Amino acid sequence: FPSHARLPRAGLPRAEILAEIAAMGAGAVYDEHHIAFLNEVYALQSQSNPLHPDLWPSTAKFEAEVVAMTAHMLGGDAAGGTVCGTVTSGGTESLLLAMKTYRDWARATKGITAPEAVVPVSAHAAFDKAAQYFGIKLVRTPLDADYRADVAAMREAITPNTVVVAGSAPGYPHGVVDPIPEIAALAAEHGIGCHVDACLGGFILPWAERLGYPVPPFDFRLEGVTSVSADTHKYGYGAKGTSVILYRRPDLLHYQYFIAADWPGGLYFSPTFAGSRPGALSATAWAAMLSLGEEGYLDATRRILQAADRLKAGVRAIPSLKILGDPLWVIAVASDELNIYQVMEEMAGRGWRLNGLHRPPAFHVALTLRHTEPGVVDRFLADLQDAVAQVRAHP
């Protein structure tokens, strides 16, 4: 296709443009008719922009309802109605905002000016961003034998300047859920924040729980948990570019808000990083949640977890492959025997786009509704078994 290094003089046929885009189109994605549906939602809300709520009160509603429903899904009632929050643009914005908030909260509240934060080494890399961005010393603690945060190590690391601790539910690298309860307990005992990163697990964990699978309380059921983030786009099945950050009580949330009084451009407030932003995306989340409902999520996470079971089984049924920790649907597989990167590469050749991890070396499969399709997991295992045979005879 023609490359454009500079604006066309003329202006091209909309048809021609649409053709090229379609031509190219001919984890990552978390169904034909569902997508079709969200796309039509978007279309209806295309012009939306939550910065001007006076013009789009429709969006201001969507956002509020999405936050509400999510909070309730994460034990918001346990907090006794004080739980609040905001729709962000992704897990990262959620993570950044929280970190920023805890910083601001702690300066105002504790006089802390050299903020420090304690997260498991497994904690999402976005934590390091926040750290550099907002000038917070980030202290990453070690994991334990089953790749969960070592809480003792965490306890040792907290300091009079620590403003918050975090745990992942689950973490991206290995897909295990951290000891959220003892972490949130550590938190409370020191009077510092506890943030749960449930960006990945936010919309599957509550139903896995309800479903008989082993998951520790990880949300607002715990007094210590002061904030938790969950991604409505990934497993919430909302359209990409949308997420949620929740706080136990309003006093925290307010530290996240930005307000400017004497700007000649008028009064200025923004709840998030963004100023103007795509209300349309919020619509897709609201729509996706309502279309699914508790039943919808239950069924989806059932299918996913069941596939994961099947898959984990097949995998473990190769003595040369090892699963890191005991993940539920996000799986990290490594080899003490072989060059896992090669196994991953062979697999890549056979058409799989899976994520390579390191420290330790392993690739990971973020199981998705897309894998609950028939023979999919069966295909995976088959290709995997052939890939290992290869590497065995070609180190």
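The first residue of the sequence shown is number 1, and the count goes up from there.
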query	finding
Where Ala26 meets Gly27 in the shown sequence, the number of deposited residues left unmodelled	10 or more
Unmodelled deposited residues between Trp56 and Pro57, binned	none
356 to 364 versus 43 to 51 - which carries the larger mean C-alpha B factor in the record	356 to 364
180 to 188 set against 210 to 218, stretch whose average Cα temperature factor tops the other in the entry	210 to 218
Per the PDB entry, maximal CA B factor within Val121, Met73, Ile323, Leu267	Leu267
Third of chain Cα B-factors occupied by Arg249	middle
B-factor third for the C-alpha atom of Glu294 within its chain	middle
Chain thirds of CA B-factor: placement of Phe37	middle
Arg316, C-alpha B-factor rank within chain (lowest, middle or highest third)	highest
Chain thirds of CA B-factor: placement of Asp128	lowest
